[PDB]
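Asks: Questions regarding the structure given below will be posed in turn.
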Amino acid sequence: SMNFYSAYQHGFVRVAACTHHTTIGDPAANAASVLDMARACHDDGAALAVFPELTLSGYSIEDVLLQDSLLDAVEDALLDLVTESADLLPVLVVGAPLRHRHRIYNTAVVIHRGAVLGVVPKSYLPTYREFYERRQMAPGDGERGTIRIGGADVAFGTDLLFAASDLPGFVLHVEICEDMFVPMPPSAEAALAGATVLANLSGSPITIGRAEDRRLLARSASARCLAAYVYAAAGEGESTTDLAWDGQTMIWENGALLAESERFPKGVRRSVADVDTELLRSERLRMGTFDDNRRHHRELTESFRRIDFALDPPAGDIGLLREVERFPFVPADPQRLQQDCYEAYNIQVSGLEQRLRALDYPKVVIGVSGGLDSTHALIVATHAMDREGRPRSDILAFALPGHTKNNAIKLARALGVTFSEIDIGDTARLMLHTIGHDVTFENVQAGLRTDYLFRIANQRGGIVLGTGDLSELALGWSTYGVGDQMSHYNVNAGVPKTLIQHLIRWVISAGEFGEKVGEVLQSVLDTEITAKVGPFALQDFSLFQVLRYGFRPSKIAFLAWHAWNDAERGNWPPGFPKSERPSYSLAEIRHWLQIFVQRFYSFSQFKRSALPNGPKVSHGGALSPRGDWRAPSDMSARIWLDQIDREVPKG
Amino acid sequence: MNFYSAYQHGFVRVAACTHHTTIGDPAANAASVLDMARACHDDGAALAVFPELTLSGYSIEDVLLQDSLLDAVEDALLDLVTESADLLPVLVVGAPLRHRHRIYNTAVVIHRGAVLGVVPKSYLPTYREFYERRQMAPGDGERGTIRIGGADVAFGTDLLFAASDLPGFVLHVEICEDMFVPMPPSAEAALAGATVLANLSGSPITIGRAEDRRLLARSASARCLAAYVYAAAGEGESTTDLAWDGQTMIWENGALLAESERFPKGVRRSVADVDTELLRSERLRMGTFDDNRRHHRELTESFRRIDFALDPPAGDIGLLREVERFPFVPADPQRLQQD
Amino acid sequence: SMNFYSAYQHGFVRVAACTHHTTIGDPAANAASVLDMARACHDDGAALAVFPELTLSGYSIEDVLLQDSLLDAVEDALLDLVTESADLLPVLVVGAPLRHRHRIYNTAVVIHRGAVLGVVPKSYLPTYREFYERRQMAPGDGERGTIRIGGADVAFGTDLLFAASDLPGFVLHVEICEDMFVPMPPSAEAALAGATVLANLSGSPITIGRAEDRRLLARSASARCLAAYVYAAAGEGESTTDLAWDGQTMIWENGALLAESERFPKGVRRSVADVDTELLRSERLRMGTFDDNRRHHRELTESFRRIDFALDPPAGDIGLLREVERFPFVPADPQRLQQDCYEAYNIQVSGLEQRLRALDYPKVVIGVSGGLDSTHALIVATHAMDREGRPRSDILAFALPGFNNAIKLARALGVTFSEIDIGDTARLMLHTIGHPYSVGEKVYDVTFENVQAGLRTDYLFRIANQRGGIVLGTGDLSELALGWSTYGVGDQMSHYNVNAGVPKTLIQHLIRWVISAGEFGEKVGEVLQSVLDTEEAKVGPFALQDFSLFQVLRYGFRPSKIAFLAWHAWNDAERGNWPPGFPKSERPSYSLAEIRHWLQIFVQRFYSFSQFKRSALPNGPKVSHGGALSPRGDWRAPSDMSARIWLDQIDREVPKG
Ligand SMILES: Nc1ncnc2c1ncn2[C@@H]1O[C@H](COP(=O)(O)OP(=O)(O)OC[C@H]2O[C@@H]([n+]3cccc(C(=O)O)c3)[C@H](O)[C@@H]2O)[C@@H](O)[C@H]1O
Ligand SMILES: Nc1ncnc2c1ncn2[C@@H]1O[C@H](COP(=O)(O)OP(=O)(O)OC[C@H]2O[C@@H]([n+]3cccc(C(=O)O)c3)[C@H](O)[C@@H]2O)[C@@H](O)[C@H]1O
Ligand SMILES: *CC(=O)CC[C@H](N)C(=O)O
Ligand SMILES: *CC(=O)CC[C@H](N)C(=O)O
Ligand SMILES: *CC(=O)CC[C@H](N)C(=O)O
């Protein structure tokens, strides 16, 4: 049905921020540069191309802006670019000084397929320090109605929206430079009114620290407004009478940098990026206070003129111009990952500390298998007790038998907790014979482990620490009730499996426990990293897409297939030797995804529904029915399986 | 004149339906809705009100925010709309729908191949067992239009649906909690000229809650000189934390016309013939009704009026109404004794 | 420090609805009646006295209302009422035809301690059937400003509020008869604006069916507005030229009837009642859609004028003119209780049915002890299976003896019964754990108890896995409330809990109801009867802890409020009503000391100790309008909190005996 490989068909929109070569006072030369860059955007299958402030005239020309021949030439060049846009795909947004009523305004001219769609005046004209804009130009705020551009009255003003009738997640607002620097930017209101993609044309002469100011405000704009922010500054060609120009271009999306270009380039540059319109749709759907803010400013947000146009974007394979991280829960950037780990660890630990204070410092009872989960849980328990001034011997670690085991006893001893072994085999057998008895034997044991721990907890003034992690909660990979699903407080509940290993190796690298302790933990890593329905790399990927954005299955398959299909494309996080770096085909992704939707939406909720306490960890979510995930325990996943059948190719 | 025609005598055949909900499965909800609407059509009915969030299931919590859920809701809606081309009654069907930034708790009014309007729930309970503001936006103060499969249809809380060939039939829709607030959307709608008030309800069943539904639906109808048509969710809604009784009922000016079995096994319909002339006549005589309108002129004059033609049956289709032999002498013994 | 026995000090307000003797055309005489009834209200410590429409003239005097001497007589009778109210405690609300600008208005004069607070014209004048009010009277809808009464300009119009300054939960709004019959009543907007007590003055000539109409609309107003509604109609003395009067008076609170007087009385009558202003406060506090409605009509609601007065109510013991039931979950009225039970039962059954449909009809594993709870859950599970067309033998019931009723019921029902002796496994576990009992020591501590409790659950869960079933929860709401259960492995844990939303006090009555319906038959009836007759005294009487549960769960009332209520309900066994099924013997009274003691235990256990077991709760339906305790639903709280402030409120506010 759908062309699976089409970014557009997956709700992406391609955008370009362009920096052209300026020829100050020569609009025909500026236009030829623009047209050439636009032709490259067209070839890239871009929906949108933003150029710098006053593109057609040059920003830096001062009183030359007031010359009849300057203004006339600007107009003629403009008409030719509109004629030339008949055969171009993208909306072009080009800056121009245009006469309207008494003055010239600093405008962006929004151009698509042989017509001008609208003309947006700069709202705020800096008349301070190096800037002199009120001398030549009129402010645009409050101006409405229309402007005559080549025998056509087109919308004119700061209340304008350019909505694609065939791509409803793409709604464009345009503002100009200084417009984003003021306490109440025009783009803020345009976001509340429906704009999803915010364009900024800049001149912006460059100064020590100014690129940092542009970033601060483009970034936070994109985050606070749940939007893409597309930004172009002026470059080479501009006058250096008093200023210099760096040509910076950048594309932001909900606080995250999608693309940015070389500063001080020799020649023209572009940022091109695929903006995920569903990601924006998803954040807005969920943050109700965004809409609350709209209704508060209802008169202000309801008067925008919506201007429709049809994009007819390309339907075929044009690749994906986007970084798609293999591990949404594990950033491939080392400094970023180090920070993620520091926070995850301190979250779990402080989550436990409070519990423990509240219970007047119980013993901590914990089943330890030599596994990644219970190991890391033990560390957390230990640091918590240390921080609270509590004897590590009040941690009661139990091996509960019915290889990896050796690690458990080593770590316990290395840390100096209280270690003990209870053999559950005979209770297991008594139970099995009483019941009238593979699968079965394993349930009885897992159950009895929990049973003993809970009873030991009763006996010794303790609480049972849970050890199951987020990925297991997600998939229903636990024994429910009397089983490892149950505890008094679960420290690993909000930590996905893909992140646990990284957390342990963070603790090792911190090395604040012993050198002895580091050795046993490294051993755990080596023994353990070498639950069989899916690689957790894949199921944690899908978990993120669902928990955070509620994305559809085919949308998930596409992103994962882009992140995972080629082993040597994109980045990997640290602690991955080149022989532990796998590929997954679409068929693989599709298979594991079918299992995912079935187990996540239908099978597993009842287990999450009666969940012990524990802290949320990841911006991506947790799975607490008191927090991030309210769902029925009694629902089919037919809908999602059906979506897979119809939308995702078998190979 | 066809003497034996209920329609020609100023009656409107109205139906409140409780379907079988399959949570998170819109196509199956649309199947249960379509089946029941054909039954209504056969009965010569002019209106079929279904439960809150008919197409999704009311009780699915954050599954409401899942993209595949919403896509399937919309595809099911479009198919329902397509099927009504041949169906006599106006269908009033709940759906979670995207508009602007959020999803709304909506009722979609469907007649003969087209959508007539889309009505957001005004007040979203977010207390006790209700969590509606977490997933859904308030509809109060919303106007303008909404894009439903290639048409821009009216969207908002100020809509009236008037049968151009049956003037006593003027339809207003509100949703569950909308009738429980001091100043219901429907009280203003009646002053504006609505004679038939629909309510789609989710309404998890609790000890006493049917008495509450009763009191407010009956007192609404009496206070507003209207028929009031109520339909609650039943079997199929998630029982993770709640139970559902699928109550449906039809009031007219304080009188109960029809009601269905609570906790039924299977689908149930209340069906009743509303005397629009009764309503007309009480309105004509009670001047203080219209005085109240004039006091809230701006409120009541702003309502938008969508016209449709019913083309109801001409013939003898019986009369789904209890007409007492002695208007002055109640047949019910307890009531007669009170009198 | 408070006077614990003062209803005023617990957030009550005493309201009175009065019907007086009409002498038509004779205000001095209507005044004299009013005054006499006002003094009786004062004596009763009432803060409000509402009289019938046009109290001072007679409602039915028609064009006599246009007579100069009538109008003059009225005005002088009012000024005299006002002078007398100097020494009266209640706000008086009194009907009168009054001259303002070009006309006479059908007004309500709100009077208090020697001053008029405000005059409220009838918004809406019926001029149809037997009513002709537009002929003599002008509409009040949307008039404002002031009116001169006895040398004072006083608020006049339909947007007035009388807010008591020493009684913040008493804010009065007044309307008049037909005002409450129109789609958009004056008083609906005034409730949004902040009125807690809605007064209505009626003439209301009586007619077949009309008293039901008054009730339908005053009751639903009180319900929809989260308000008290105080209603008074004219009776004897009105003109019977074309009409008759029944002098009906009534007080509604939030949809409930507080009081009502005799219809067609010989002589004057009053409904006096204590309105709980905290019940109203708590209800408003929780239904945010009420506030959402106010913000939607912000212009309407913010326009209101607020007039203050110091009520200065009596500080002492003046009783409680209120019916406080012993069992908030168990209505004393037997047809009401029959209704609750029908509903409880069908809620439990349908909830479980849906669970079973959803899992393609698993087997049903249930631990049966012969107790009330498990007995009831078995019955519920049997009905679920029947309704779904599933064999009763797919219920797998287990007696689990540790260190007759169940087996008899199981066999009578025709379910699959089995005994599993947990003793040997308990022994083995206690030894493995090194418990003193495994070496002979009679240490019957929590672990000893829990090892057994836990093993019962462990067994059932493994049966469930082995046999393709689900374990039914058996614990009831009162146990969830107190944490009287074994957490995690044990008791507290199941695949689906049918009794989760049902409090203990309600359970026996459900069984009674099952026997009465007779649907299961003679033998089942008999065994169930037997279970009732054969069938934790350190958490206190469940009757007391359910009383406390309701106040906290529904209203969040402070502890001294709950003590007050419980004491009033439970102090004297011979006073008030009991539900069906309490033989005279089975009828305890509780002292303040008893009530206080168990409340201390409630707050500690409920707010502090027990939340953690509630926090990881299996699925099950909510049952009671009082609330349920699911952490995904009615009760969201921390698992790590102390109850210090509640225990401290008890020390300061509740006398020790
Ligand atoms: N919607 C629903 N509502 C209420 N109950 C429902 C239910 N769906 C199934 N059930 C019931 O719940 C039970 C099924 O749940 P459960 O008892 O968990 O059993 P189940 O999920 O079938 O098995 C869990 C499996 O995962 C693996 N596991 C287990 C324990 C720990 C780990 C680990 O992380 O190391 C892995 C192991 O292979 C084990 O057999 C049955 O009694 C079934 O009847
Ligand atoms: N806030 C908190 N967060 C996490 N864990 C917490 C905790 N507070 C205590 N804990 C832990 O939980 C455990 C205490 O809870 P739990 O295991 O329930 O033990 P506990 O509540 O101390 O005792 C249960 C008691 O309830 C009574 N009961 C139970 C079952 C049935 C019946 C009947 O009459 O039929 C009566 C009986 O007297 C029994 O001994 C301890 O291990 C404690 O450390
Ligand atoms: C974008 C622009 O007009 C230059 C930057 C602005 N004046 C600023 O405040 O930094
Ligand atoms: C929706 C309805 O009509 C009755 C239930 C409602 N949610 C309530 O009682 O609060
Ligand atoms: C006093 C009054 O308005 C009663 C008339 C009312 N419409 C009624 O009882 O029907």
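Cβ atoms are placed via backbone N, Cα and C, with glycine included.
Residues or ranges marked as active site, proton acceptor in Swiss-Prot: B:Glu52. Residues annotated as active site, for glutaminase activity in Swiss-Prot, with sequence analysis given as evidence: B:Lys121. Residues or ranges marked as active site, nucleophile in Swiss-Prot (evidence: sequence analysis): B:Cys176. Under the heading L-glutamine binding site, Swiss-Prot lists B:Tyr127, B:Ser203, B:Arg209, citing sequence analysis as support. What Swiss-Prot records for B:12-276 is domain 'CN hydrolase', and it gives sequence analysis as the kind of evidence.
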Asks: Using Cβ atoms only, which residues of the same chain lie under 8 Å from the residue listed as 'active site, for glutaminase activity' while being at least 6 residues apart in sequence?
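Replies: The answer is B:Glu52, B:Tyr104, B:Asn105, B:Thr106, B:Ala107, B:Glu132, B:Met136, B:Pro138, B:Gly139, B:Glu174, B:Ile175, B:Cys176, B:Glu177, B:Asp178.
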Asks: I want the residues beyond B:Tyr127, B:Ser203, B:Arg209 whose C-beta is within 8 angstroms of the mean position of the L-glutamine site's C-beta atoms, in chain order.
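Replies: Other same-chain residues near the L-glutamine site: B:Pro125, B:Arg128, B:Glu129, B:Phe130, B:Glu177, B:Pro204, B:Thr206, B:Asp212.
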Asks: Recorded positions B:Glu52, B:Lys121, B:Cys176, B:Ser203: which sit with Cβ under 8 Å of a chain C Cβ?
Replies: none
Asks: Give me the count of other Cβ atoms within 10 A of the Cβ belonging to B:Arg209 (L-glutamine binding site).
Replies: 16
Asks: Out of the recorded positions I have (B:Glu52, B:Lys121, B:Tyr127, B:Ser203, B:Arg209), which ones have their Cβ sitting under 6 Å from ligand 4?
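Replies: List returned for ligand 4: B:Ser203, B:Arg209.
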Asks: Reduced to three states, what secondary structure does DSSP give B:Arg209 (L-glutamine binding site)?
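Replies: Reduced to three states, the DSSP call for B:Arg209 (L-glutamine binding site) is helix.
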Asks: Rounded to a whole number, what is the top Cα to Cα distance in Å among the residues the record ties to L-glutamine, namely B:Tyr127, B:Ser203, B:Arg209?
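Replies: Taking every pair of listed residues, the largest Cα separation comes to 16 Å.
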Asks: Starting from the Cβ of B:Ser203 (L-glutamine binding site), draw a 10 Å sphere and report how many other Cβ atoms land inside it.
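Replies: That number is 27.
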Asks: Which of the three DSSP states, helix, strand or coil, fits B:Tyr127 (L-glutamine binding site)?
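Replies: In the DSSP reduction, B:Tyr127 (L-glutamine binding site) maps to strand.
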Asks: Which of the three DSSP-derived classes (helix, strand, coil) applies to the residue listed as 'active site, nucleophile'?
Replies: helix
Asks: Would you count the other CB atoms within 10 A of the CB of B:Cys176 (active site, nucleophile), including those on all shown protein chains?
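Replies: I get 28 for this one.
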